[PDB]
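Just below is one structure, and these are the notes that go with it.
Below, read A as the first sequence line, B as the second, and so on, with proteins coming before strands; counting in each chain starts at 1. Only heavy atoms go into these numbers, but all of them, side chains included; no hydrogens, no water, no symmetry mates.
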Amino acid sequence: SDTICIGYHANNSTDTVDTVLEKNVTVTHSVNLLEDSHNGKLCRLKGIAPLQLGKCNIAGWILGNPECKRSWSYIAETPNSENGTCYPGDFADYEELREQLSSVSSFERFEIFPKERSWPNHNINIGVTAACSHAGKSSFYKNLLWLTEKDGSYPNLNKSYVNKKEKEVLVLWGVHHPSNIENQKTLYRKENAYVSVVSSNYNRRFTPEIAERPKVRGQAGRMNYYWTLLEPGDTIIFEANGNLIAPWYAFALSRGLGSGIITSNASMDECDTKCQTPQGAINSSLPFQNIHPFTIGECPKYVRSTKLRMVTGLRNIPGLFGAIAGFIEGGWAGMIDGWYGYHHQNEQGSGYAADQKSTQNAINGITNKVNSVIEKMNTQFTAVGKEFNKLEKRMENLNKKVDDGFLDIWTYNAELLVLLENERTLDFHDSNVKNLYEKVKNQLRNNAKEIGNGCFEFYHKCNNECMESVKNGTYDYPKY
Amino acid sequence: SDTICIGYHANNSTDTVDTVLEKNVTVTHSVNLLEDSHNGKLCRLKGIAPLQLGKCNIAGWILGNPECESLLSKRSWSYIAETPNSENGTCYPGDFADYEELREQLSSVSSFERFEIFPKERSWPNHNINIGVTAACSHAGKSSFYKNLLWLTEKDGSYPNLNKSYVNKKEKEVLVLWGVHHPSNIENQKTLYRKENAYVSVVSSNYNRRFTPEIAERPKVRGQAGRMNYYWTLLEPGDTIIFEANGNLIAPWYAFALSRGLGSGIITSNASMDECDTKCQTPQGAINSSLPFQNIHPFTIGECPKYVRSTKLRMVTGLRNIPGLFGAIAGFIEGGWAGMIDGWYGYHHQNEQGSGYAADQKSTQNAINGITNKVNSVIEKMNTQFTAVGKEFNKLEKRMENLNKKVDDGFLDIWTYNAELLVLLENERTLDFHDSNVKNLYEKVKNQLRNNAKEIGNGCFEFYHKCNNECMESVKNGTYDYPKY
Amino acid sequence: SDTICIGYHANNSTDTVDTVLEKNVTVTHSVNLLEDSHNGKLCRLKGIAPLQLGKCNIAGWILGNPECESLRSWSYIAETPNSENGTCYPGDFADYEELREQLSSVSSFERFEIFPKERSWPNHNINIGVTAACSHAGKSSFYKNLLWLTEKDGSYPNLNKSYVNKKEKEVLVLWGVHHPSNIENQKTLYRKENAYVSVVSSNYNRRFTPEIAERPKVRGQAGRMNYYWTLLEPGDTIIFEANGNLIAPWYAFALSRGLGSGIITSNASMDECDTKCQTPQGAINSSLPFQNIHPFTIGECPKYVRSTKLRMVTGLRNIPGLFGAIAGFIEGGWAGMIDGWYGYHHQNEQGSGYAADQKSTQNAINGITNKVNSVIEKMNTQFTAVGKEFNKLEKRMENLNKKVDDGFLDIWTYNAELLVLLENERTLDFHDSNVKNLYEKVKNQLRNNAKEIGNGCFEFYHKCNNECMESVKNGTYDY
Ligand SMILES: *[C@@H]1O[C@H](CO)[C@@H](O[C@@H]2O[C@H](CO)[C@@H](O[C@@H]3O[C@H](CO)[C@@H](O)[C@H](O)[C@@H]3O)[C@H](O)[C@H]2NC(C)=O)[C@H](O)[C@H]1NC(C)=O
Ligand SMILES: *[C@@H]1O[C@H](CO)[C@@H](O[C@@H]2O[C@H](CO)[C@@H](O[C@@H]3O[C@H](CO)[C@@H](O)[C@H](O)[C@@H]3O)[C@H](O)[C@H]2NC(C)=O)[C@H](O)[C@H]1NC(C)=O
Ligand SMILES: *[C@@H]1O[C@H](CO)[C@@H](O[C@@H]2O[C@H](CO)[C@@H](O)[C@H](O)[C@H]2NC(C)=O)[C@H](O)[C@H]1NC(C)=O
Ligand SMILES: *[C@@H]1O[C@H](CO)[C@@H](O[C@@H]2O[C@H](CO)[C@@H](O)[C@H](O)[C@H]2NC(C)=O)[C@H](O)[C@H]1NC(C)=O
Ligand SMILES: *[C@@H]1O[C@H](CO)[C@@H](O)[C@H](O)[C@H]1NC(C)=O
Ligand SMILES: *[C@@H]1O[C@H](CO)[C@@H](O)[C@H](O)[C@H]1NC(C)=O
Ligand SMILES: *[C@@H]1O[C@H](CO)[C@@H](O)[C@H](O)[C@H]1NC(C)=O
Ligand SMILES: *[C@@H]1O[C@H](CO)[C@@H](O)[C@H](O)[C@H]1NC(C)=O
Ligand SMILES: *[C@@H]1O[C@H](CO)[C@@H](O)[C@H](O)[C@H]1NC(C)=O
Ligand SMILES: *[C@@H]1O[C@H](CO)[C@@H](O)[C@H](O)[C@H]1NC(C)=O
Ligand SMILES: *[C@@H]1O[C@H](CO)[C@@H](O)[C@H](O)[C@H]1NC(C)=O
Ligand SMILES: *[C@@H]1O[C@H](CO)[C@@H](O)[C@H](O)[C@H]1NC(C)=O
Ligand SMILES: *[C@@H]1O[C@H](CO)[C@@H](O)[C@H](O)[C@H]1NC(C)=O
Ligand SMILES: *[C@@H]1O[C@H](CO)[C@@H](O)[C@H](O)[C@H]1NC(C)=O
Ligand SMILES: *[C@@H]1O[C@H](CO)[C@@H](O)[C@H](O)[C@H]1NC(C)=O
Ligand SMILES: [Cl-]
Ligand SMILES: [Cl-]
Ligand SMILES: [Cl-]
Ligand SMILES: [Cl-]
Ligand SMILES: [Cl-]
Ligand SMILES: [Cl-]
Ligand SMILES: [Cl-]
C-alpha cells in the first residue's frame, strides 16, 4: 500500500494531425472532415437518374441528329459528345437552352406538325444531306423537316400550333442559307424569300442571306437554329415562302428548378447521392470536399486541402497545463478503459482504472465539438458549373472569380479552424489530467509524498476500500 | 475558527448559450448578436421615402398606363416598392427593350421631373394627334393611351416625313421613351401611315438606331394582333436627340429630367409606408442595423447586417450560473454565491466581528473591461456598405439569374457557419476566462496565507490564528503581514 | 542567502498589438500581416511587361488612331486617366468591352497587312479616305489599320475579297461600316443610294445595311462609322462583299491569347521590376495574406481588406494572463535577460546573472514560427484580374460584380481582424503558460530545500554554488 498515480491513455495509433504550434502530432484517435474520395459513378439525384447523352451533345439530341426518359435530375455529357449540328450554322441562345433543359420533371416528344398532312404543296421527303448521314445514307434531323419545292414552285405556307396542353412546349426550327443563288432557286424557286415566326411573346422575321462560305462538313451553306417556349394556351405561327426548316417534333415539358450539366467519363449505376461531381458521386455528410469544384446537389464546400483531420483522442505517448508530456511524461497503453485515470499498488494488488466521470465528460465535449464543426454547415441544392459562349468572356471570368473566391475563403477557414480546434483539444486533455492530479493531491494532503511524475506514495496502508475512496470524492483524511 | 473563502457570482438568470464543448449552458448574463425581428413597415432610406407603385409596375408607371397615377409630386426616392398585385404594365402588347436595365437605373433618383418634351399641340402640325387610342389601353370604359406617349397617324390622307429634335438644356440626364407600332396586316399599315414600307430613326451623340415595322398577324393579346415595341435612352446634358419617321412612330410626349442615385433596388412587398426611418429595409419590413447578423430576409436594401440562417447567436458575457479548463468554477468551488451582489469574483469571511460577502473589484472590473472589448470587436469589426441585394433577370438570362443565386447562397453559407462557430469559440473562451480569474484569485490568497491557514478544499481557508477585520482586509488588499502570525 | 528566480524577457520595444480582451498591448516583438505599401511602379507579371497605352485607349490603338503609336507579348494592359484618343470618327464599337478583355493578355501578337492597300481594290479610290475628325500633324488623316474606299471614275463596283488564316494562330480582323449624314454624301462617296456590306467566315455571318440620317455632330461629323471585329480561327476564311460604305481591313493581328488578365488605369510608370501582384498604385509584395492598397489587382494577390493594422505578436507582452504568472505573481520582465524568452536569475557567493532556459525558449520559438507560417501559408491564391468593365446597358452585371467584390471585402476584413485578435490572445496566454510551467518545474524540484518568496524567486536554505545552480537549471538537482 505504497502508491497511486494519475495518468492518461496511450495506444498503438500512428494517426497524425497538425495544430497551431506543431505539425504531425501523433494522436490516439482522429476524425476526417474532408471528403476526399468518390465512387466513380453517375448517381441519381433527388431519386431521379440523369439524362446520359453519350456520343451526342444537347444540340444533337434536341434537334434529333440521326446519330442520336420522362424525367431527369441533371444532364451528363461525355468528352466525346461530338454529335451536334451536323449541318453547319448558328444555334440561337444555345447556352441558355442547355441550362433550361438541365432538369425536367416531365418530358414528352410529340409530332407538332405531322409530316404527311401539314405541307400538301411542298416536297417533304428529299430534304436530306450527306452532312447528316446515318448508316451510309444521307439523312437529316429527326425532329425537323426540310421542305423543298414541288412541281416547280414553293407556295407560301401559313401554319400555326396552339399549345392546348397543360405544360410548356419547346418548339425548334431552322432557316436555311444557301451557298449560291442557283441552290436557292432549285430548292425554293425564288431568289428573295422570307420566314416569319410569331407567338404572343416571340416575333421574328428571317431573311436568307446567300453567300459562298467556307465549307464545314462539306457544306458551303448554313442553317441557323431557333427555339422558343410556348406557354399553355399560347399560339405559334409559321409563315414562309422558302428556306424554312420546319418543326416536325416538339417537346412538352415541365422544367425543374436549377440543375446543370456534367461532362464525365463516369457511367450510370444503381446508386443514389445528394452530391454528384464530374468524377463521381461523393458523400455529403462532411463539410468539405477536394474532389471537384463543379458539383451538382447539396454538396460539401470545395477546398484545396489534402488533409483536414481533427484530433479526438490524446497525444499518443506509449501543453498549456504542463501535465501531459510534462510532469506526467508518458501515457499508459495498459489503461484500456478510458482517457484519464489511475494506477495503484497495495498489498492486495495493482492495476489501471479509468476515471469514468472525467472521461465521459470529455467524450461528450469532444463529440459536441466535432458535431458542431460538421452540422453548422448550411447547404442548398446548387449546380456550380456554368457555360458561356465566345462573346461572354467577362461573365465567364466573373463566374470564375466567384468560384475561386469561395474556394480561397473555405480553404483558409477550414485549415485554420482545424489547427485551432486541434490545439484546443490537446489543451483540454492536458487540463483534465491536471485537474485530476490536483483533486487527488488535495485529498491526500500530507498523508502521502508527491513523487513528481504523477504518483503519490502513501505514509499509511491504503487498502482497496481506501483506494476506491480516492477515486471517489470521499477520501477519509483524518481517519488515517 | 475564522475563515475566508473565494467565490463567484450567481443570480436568477435563465439565459442559455452554446459553447464548443456543451450545449445550452445557463449563464448569468448574455448579449444577442442577431437581428431577428422587423417592424412590418416600408421605411425611409437615407431620409427619403420609397416610390410606391401599388397596382402598377415600372413599365406601366413610366410609360403612363392610364390606370397608373402620374404621382407628379414625388421629386426623389431611395428605392422602389412594388406589390405582388403590380399588374398594370404595357397595356398595348409588345417588347420593352432592356426593361430590367431600366428598372435598375430608375431604382433611386435624387431629383425627378416629368416635362413635356414634344408639346402635343405644336410639334406635329401635319399629323393626326387625336385618334391614337385603343381599347387595350382603356380607362373609365373609354379607349385611351399612354399618358407619356403620342400615337401619331396620317392627316388629310398623308403621313409626311417628320424631323423633330430636342436639345437637353436641363443640365441633368433626360430619360426619353418611344415606341414603334407593328401592325397586324398591310391594310392597317396603309390606313394609319399611308405607305407599306416605313421607317423610324432615333439618333443622338451616342444612340443610333433604325426601326422598321414588321407586319404580321399575331395571336391576340389584350385583343390586339398588332404589337408595339418600347424603347428608351438617357440623353446627356447638352446633347440632342433627333426623331425621323414616315410612319409607325409612337412619339415621346412627356420625358423625365432626373439625377440617378447610386446602387439601389426594387422591393416586392405587402407592407405599407409609415413615418419611420431605417438604415436597412427588407421586403417584410425594416430592421435595425446595429448588430452584425440578421435572419429576416436575404434581399435587403441599405447598410445591412449580414444574412444568416441562424435562429440564435448569443454570446455569454457573465458566468456559468450555478445558484472548466482551470478547475475552479463548477470544480473545487462547487457553486456560486447569489448573496455576492457587487461583482463577479470575490470573498466571504467569518471572524468574531461578523461574516459577509465582498466582491474583488479589481479582478471584476478588469474582467468587465475585457468582456466589453470582446463583445465590441465582434460587432464593430463588421464592415458594411449600401447594397441592394436583389436582382431581376428576364427569361433569357437564366444563367445570370443562377450565378446571382450562387453568390447570395454562398455568402449565406459563409456567414452562417462563421457566425455560429465564432460564437461557440468566444463563449468557450469567455467561460475559461472567468474560470481563470477565480483560480488566480484563489491562488493569490493561498500564497499569502501559506501555513497560517488550513485549506478546506472548497475555496475556503481556515486560519490557525485570529483574523480580525484588519487581517481580513490585508488579505483582500494583497498586503497580508505573514511574519506577524 | 542564495536565490534563484524565474522570469521572462523584456526590451525597449514600442510595438503594440490588439487582443481579444484589450487594445494596444505593448509587446517585445510582432510581425505584420498586412501589405500597406506599393512601389509606385508598373512591373512585369509572369516575367512579361504590360502594354502601356498612354494617350490612347484600346479602341484608338487597335483601330490605329493616327495619334496612337503602332507596336510582342504582354501580361496585362495599362491605360492612363488621360487615355482620350479612341474612335476619332464617331460611332459604335461592337462588343468593345469583350474585345478589351480578350486582348488583355497575349503570348504572341503581330500586326500584318491582311489586304494590301495598293492592289486589293483595283477600281476604287484608295487614297482620299481621310477626315478632319482624324487629323494628325495639321492634316486630315484616318485610322492606320482601316482603309476608307471611295468611288473611282463615277462608280463603286462590287467587291469580293477573302482571306485564309494560314497563321497557325487566331487572327483579329477589324472593319467598319460608314453611315453618311445625307444622301448627297452617300452618292458622292459610293455612287449608290442603297448599299450593303457582308462579312462571313466558318463561325461569323453578318450583313450590314448603311442607314442615312441627320445626327448631331460629334467631332464635327454628322455621319457615323460603326466598328466590328471577329477572331478568325486557324485555317478558316473570312469573306467581305460590298458595293458601298465599307471601311475595309488594311491591317489585322495574328495573336495567341493568354488566360484571364485585365486592364489597369494608372498614374504609375513602368520600371524594370518583377511582381506577382499589380495594383493601379504600384506593384505589391505577395508574401502576406492581406493588402489594403486597392481592390482591383491583377496577378496572384493578397486578399483586399479595409484594415489599417493587422499585427501578430510573436514576443511577450513588454513590461520593463490566464495563467497568472506574467504581470501576475512575476510582476515585471527582465531587460537584462538578452538570450531568450524565459529563464533564470540567480545569486550566490560567486555572483549573479541571467540565463535563458534554452529548452523552453526554443520550443516556444518553434511553436510561434509555426503559428505565423500557418496564417501566411494556408492562404490559397490564383492568378485573377479583379477589375471588370461594363457598358451603360449592363448596370445589373456591374452591380452584381460590385456585390461580389464588396462581399469578399467584408468577409476577409472581418475574418482577418478577428483571427489576429484571437491569435494574439492565445500567443500571450502561451507565453504566460510557459513561464508558469517553468516556475512549477523549479518549485517541485526544490521542495522544502528553499522558501517561496512570492515574486518568482526561491531562497535556498543551504549554500547553492554554481554547480548547484546549474543542476536546477538543467533539471538534475538532487534534493
Ligand atoms: C457524329 O460524330 C462522329 C464522330 O465525331 C462523326 O464522325 C466523324 O466525322 C468526321 C466528318 O465526316 C470525320 O472526319 C473526316 O473524315 C474524313 C474521312 O474520309 C476526312 O476525309 C475528312 O477530312 C475528316 O477528317 C471523322 O473521321 C469521323 N469520325 C469517326 C470516328 O467516324 C460523324 O460525322 C458525326 N455524325 C453526325 C451525323 O453528326
Ligand atoms: C486625340 O486626343 C486629343 C486630346 O483630347 C484630342 O484633342 C482635343 O480635341 C478636341 C476636339 O478637337 C479639342 O476641343 C476643342 O477645341 C476647339 C477649338 O480649339 C473647339 O472648337 C471644340 O469645341 C473643342 O472644345 C481639344 O482642345 C483637344 N485637346 C488637346 C489637348 O489638344 C484630339 O482631337 C484627338 N485626336 C484624335 C485623332 O483622336
Ligand atoms: C436548456 O436548459 C434549460 C434548463 O434545464 C431547459 O429548461 C428546462 O427543461 C426542463 C426539461 O425539459 C423543463 O421541465 C423546464 O420547464 C425547462 N425550463 C424552462 C424555463 O423552460 C431548456 O429547455 C433547455 N433548452 C434547450 C434548447 O436545450
Ligand atoms: C390594369 O390591370 C387590371 C387588372 O390586372 C386589368 O383588368 C382586367 O382586364 C382583363 C382584360 O382586359 C380582364 O380579363 C380582367 O377580368 C380584368 N380584371 C379586373 C377588371 O379586375 C386592366 O385591363 C389593366 N388595364 C390596363 C390599361 O393595363
Ligand atoms: C494495434 O492495435 C489495434 C487495436 O487493438 C490492432 O488492430 C492491431 O493489430 C495493433 N497492431 C498493429 C496495428 O500493428
Ligand atoms: C393564316 O391562316 C389563318 C387562318 O384563318 C388566317 O386567319 C391568317 O390571316 C393567315 N395569315 C396570313 C398572314 O394571311
Ligand atoms: C477521361 O479519360 C481520359 C483518358 O484517361 C482522360 O484523358 C480525360 O482527361 C478524362 N476526362 C474526364 C472528364 O474525366
Ligand atoms: C462517493 O461520493 C459520493 C458523493 O460525492 C457519496 O454519496 C458516496 O457515498 C461515495 N461512495 C462511497 C462508497 O463512499
Ligand atoms: C430575477 O430577479 C429580478 C430582480 O429584479 C426580477 O426583476 C426578475 O423578475 C427575476 N426573474 C425571475 C425569473 O425570477
Ligand atoms: C430597433 O431598436 C429600437 C431601440 O433599440 C427599438 O425601439 C425598436 O423596437 C427596434 N426595432 C425592431 C424592428 O426591433
Ligand atoms: C404577401 O401576402 C401573401 C399572401 O399569401 C404571401 O404569400 C406573401 O409571402 C406576402 N409577401 C409578399 C412579399 O408577397
Ligand atoms: C493596501 O493596498 C494599498 C495599495 O497600494 C496600499 O497603499 C496600502 O498601504 C495597503 N494597506 C492598507 C492597510 O490599506
Ligand atoms: C533598443 O535596443 C536596440 C538593441 O539594443 C537598439 O538597436 C535601439 O536603438 C534601442 N532603441 C532605443 C529607443 O533605445
Ligand atoms: C498605445 O500605447 C502607447 C504607449 O503609451 C501610446 O503612446 C499610444 O498612443 C497608444 N495608442 C492608442 C491607440 O491608445
Ligand atoms: C465571290 O467570288 C467567288 C470566287 O470567285 C464566287 O464563287 C462568288 O460567287 C463571288 N460572290 C459574288 C456575290 O459574286
Ligand atoms: Cl482514444
Ligand atoms: Cl475547446
Ligand atoms: Cl452577470
Ligand atoms: Cl481559442
Ligand atoms: Cl478571450
Ligand atoms: Cl522578443
Ligand atoms: Cl496557440
Query raised in the report: Among side-chain atoms of B/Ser363 and B/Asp360, is any donor-acceptor pair under 3.5 angstrom?
Result: yes

Requested in this report: Evaluate the side-chain contact (heavy atoms from CB on, under 4.5 Å) criterion for residues C/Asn415 and A/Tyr412: first the C-alpha distance (whole Å), next the side-chain angles of each, then the deciding distance (0.1 Å), finally the verdict.
Outcome: CA-CA 10 Å; C/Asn415 290 355; A/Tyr412 197 72; over 6 Å; no

Requested in this report: Describe, in one word, how the ring planes of B/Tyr482 and B/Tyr480 are oriented to each other, choosing from parallel (under 30°), tilted (30 to 60°) and perpendicular (over 60°).
Outcome: tilted

Query - Pairs where residues 302-325 of chain C contributes a residue and the test salt bridge (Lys or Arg N to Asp or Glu O under 4.0 Å) is met, not counting sequence neighbours - result: A/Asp408-C/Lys303, C/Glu22-C/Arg317

Requested in this report: Under the side-chain contact (heavy atoms from CB on, under 4.5 Å) rule, what do B/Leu33 and B/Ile379 come out as? Steps first, then yes or no, please.
Outcome: CA-CA 8 Å; B/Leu33 296 177; B/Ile379 289 167; 3.8 Å; yes

Report task. Report yes if the distance between the aromatic ring centroids of C/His346 and C/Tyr344 is under 6.0 Å, otherwise no. Result -> no

Query raised in the report: Regarding C/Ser30 and C/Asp15, is there a side-chain donor-to-acceptor distance under 3.5 Å anywhere?
Result: yes

Query raised in the report: Does one side chain, of C/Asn449 or C/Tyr461, offer a donor that lies under 3.5 Å from an acceptor on the other?
Result: no

Report task. Using distance alone, with no hydrogens and no angle criterion, decide if A/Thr19 and A/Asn422 have a side-chain donor and acceptor under 3.5 Å apart. Result -> no

Query raised in the report: Under 3.5 Å, is there a donor-acceptor pair between the C/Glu452 and C/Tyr439 side chains?
Result: yes

Query raised in the report: Using the ring of each side chain (for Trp, its six-membered ring), is C/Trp412 parallel, tilted or perpendicular to C/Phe290, with breaks at 30° and 60°?
Result: tilted

Query raised in the report: Could you state the interatomic distance from NE2 (C/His294) to CD1 (C/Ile284), rounded to the nearest 0.5 Å?
Result: 11.0 Å

Query raised in the report: Going through the checks in order, is the side-chain contact (heavy atoms from CB on, under 4.5 Å) test met by B/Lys439 and B/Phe332?
Result: CA-CA 10 Å; B/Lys439 177 77 156 29; B/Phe332 72 89; 4.0 Å; yes

Requested in this report: Please report the C-alpha distance between C/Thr413 and B/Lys381 in whole Å, then the side-chain angles of each, then the deciding distance to 0.1 Å, and finally whether the side chain to side chain donor-acceptor pair (under 3.5 Å) criterion is met.
Outcome: CA-CA 8 Å; C/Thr413 302; B/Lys381 292 298 177 177; over 6 Å; no

Query raised in the report: Strictly by modelled atom types, are C/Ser307 and C/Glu417 linked by a side-chain donor-acceptor pair under 3.5 Å?
Result: yes

**Report entry** side-chain contact (heavy atoms from CB on, under 4.5 Å), paired with A/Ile328, selected from A/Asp430, A/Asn453, A/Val433
**Finding:** A/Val433

Query raised in the report: Taking atom types as modelled, is there a side-chain donor on B/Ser436 or B/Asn440 under 3.5 Å from an acceptor on the other?
Result: yes

Query raised in the report: Can we call the ring centroids of B/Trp344 and B/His434 under 6.0 Å apart?
Result: yes

Report task. Go through the side-chain N and O atoms of B/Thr317 and B/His29 and say whether any donor and acceptor fall under 3.5 Å apart. Result -> yes

Requested in this report: Of all the heavy-atom pairs spanning B/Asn437 and B/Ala367, show the shortest one and how long it is.
Outcome: ND2-CB, 3.7 Å

Report task. Please step through salt bridge (charged side-chain N to carboxylate O under 4.0 Å, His left out) for the pair A/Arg424 and B/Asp432, ending with a clear verdict. Result -> CA-CA 12 Å; A/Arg424 283 201 73 88; B/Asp432 292 336; 2.6 Å; yes

